[PDB]
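For reference, the structure discussed in these notes is given below.
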There are 2 protein chains.
Amino acid sequence: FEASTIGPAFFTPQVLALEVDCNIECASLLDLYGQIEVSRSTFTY
Amino acid sequence: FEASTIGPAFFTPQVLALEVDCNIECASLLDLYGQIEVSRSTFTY
């Protein structure tokens with residue numbers, strides 16, 4: 001029963017516990033800006 | 001009887017223990033890469 005003459009169904013592959021992830025996100029400046037809290041869609045100053 | 005008249009076969013030289021060796025094995029990058037071990041011929045990720 002040479003592997004070259006039988007179906008893949010008999011050979012279950014190993015499952016690695018890794019996950020390639022190439023995505024990145026650039027640093028944010030949000031901490032510099034001034035923080036304001038509101039409770040309505042419109043405001044005045 | 002003297003050397004330069006008798007043949008070389010009458011003298012047995014001393015045998016030293018040191019074994020000269022000039023070859024080198026360059027340092028490998030292998031330990032920088034990511035290390036994985038698989039007990040099977042195929043793996044998935």
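Chain lettering (A, B, ...) mirrors the order of the structure tokens, residue numbering begins at 1 for each chain separately, and ligand numbering begins at 1 in order of display.
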
Please return as a PyMOL selection string: the residues of chain A that backbone DSSP assigns to helix (DSSP H, G or I). chain A and resi 3-5+8-10

Just to be explicit: take each residue in the selection above, keep N, CA, C and O atoms, and write the result as a PDB file, in the first residue's frame.
```pdb
ATOM      1  N   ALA A   3       2.039   4.954  -0.433  1.00  0.00           N
ATOM      2  CA  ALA A   3       1.269   6.181  -0.266  1.00  0.00           C
ATOM      3  C   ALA A   3       0.990   6.857  -1.600  1.00  0.00           C
ATOM      4  O   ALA A   3       0.070   7.675  -1.700  1.00  0.00           O
ATOM      5  N   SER A   4       1.770   6.539  -2.632  1.00  0.00           N
ATOM      6  CA  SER A   4       1.536   7.115  -3.949  1.00  0.00           C
ATOM      7  C   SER A   4       0.372   6.462  -4.680  1.00  0.00           C
ATOM      8  O   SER A   4       0.026   6.914  -5.776  1.00  0.00           O
ATOM      9  N   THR A   5      -0.226   5.412  -4.117  1.00  0.00           N
ATOM     10  CA  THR A   5      -1.316   4.696  -4.765  1.00  0.00           C
ATOM     11  C   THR A   5      -2.581   4.620  -3.922  1.00  0.00           C
ATOM     12  O   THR A   5      -3.469   3.824  -4.246  1.00  0.00           O
ATOM     13  N   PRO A   8      -5.747  10.355   0.245  1.00  0.00           N
ATOM     14  CA  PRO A   8      -5.288  11.111   1.419  1.00  0.00           C
ATOM     15  C   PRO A   8      -6.020  10.749   2.701  1.00  0.00           C
ATOM     16  O   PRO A   8      -5.555  11.073   3.798  1.00  0.00           O
ATOM     17  N   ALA A   9      -7.167  10.081   2.578  1.00  0.00           N
ATOM     18  CA  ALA A   9      -8.049   9.889   3.724  1.00  0.00           C
ATOM     19  C   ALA A   9      -7.381   9.142   4.870  1.00  0.00           C
ATOM     20  O   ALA A   9      -7.842   9.248   6.011  1.00  0.00           O
ATOM     21  N   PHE A  10      -6.316   8.385   4.601  1.00  0.00           N
ATOM     22  CA  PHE A  10      -5.678   7.597   5.650  1.00  0.00           C
ATOM     23  C   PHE A  10      -4.628   8.373   6.433  1.00  0.00           C
ATOM     24  O   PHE A  10      -4.194   7.899   7.487  1.00  0.00           O
TER      25      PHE A  10
END
```

What do you get for the Cα RMSD if chain B is superposed onto chain A using all Cα atoms in their order?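 The optimal C-alpha superposition leaves an RMSD of 1.0 Å.
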
Using only C-alpha atoms, determine which residues of chain B fall within 8 Å of chain A; present them as an mmCIF file with C-alpha atoms, in the first residue's frame.
```cif
data_model
loop_
_atom_site.group_PDB
_atom_site.id
_atom_site.type_symbol
_atom_site.label_atom_id
_atom_site.label_comp_id
_atom_site.auth_asym_id
_atom_site.auth_seq_id
_atom_site.Cartn_x
_atom_site.Cartn_y
_atom_site.Cartn_z
ATOM 1 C CA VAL B 38 6.364 17.621 14.803
ATOM 2 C CA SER B 39 6.060 13.882 15.369
ATOM 3 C CA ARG B 40 4.402 13.394 11.958
ATOM 4 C CA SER B 41 5.353 14.070 8.350
ATOM 5 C CA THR B 42 2.656 16.730 7.789
ATOM 6 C CA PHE B 43 1.402 19.721 9.767
ATOM 7 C CA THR B 44 -1.265 22.412 9.404
ATOM 8 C CA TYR B 45 -1.643 26.003 10.599
#
```

Tell me, in Å to one decimal, how far atom CA of residue 33 of chain B is from atom CA of residue 21 of chain A.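 Atom-to-atom, atom CA of residue 33 of chain B and atom CA of residue 21 of chain A are spaced 16.9 Å apart.
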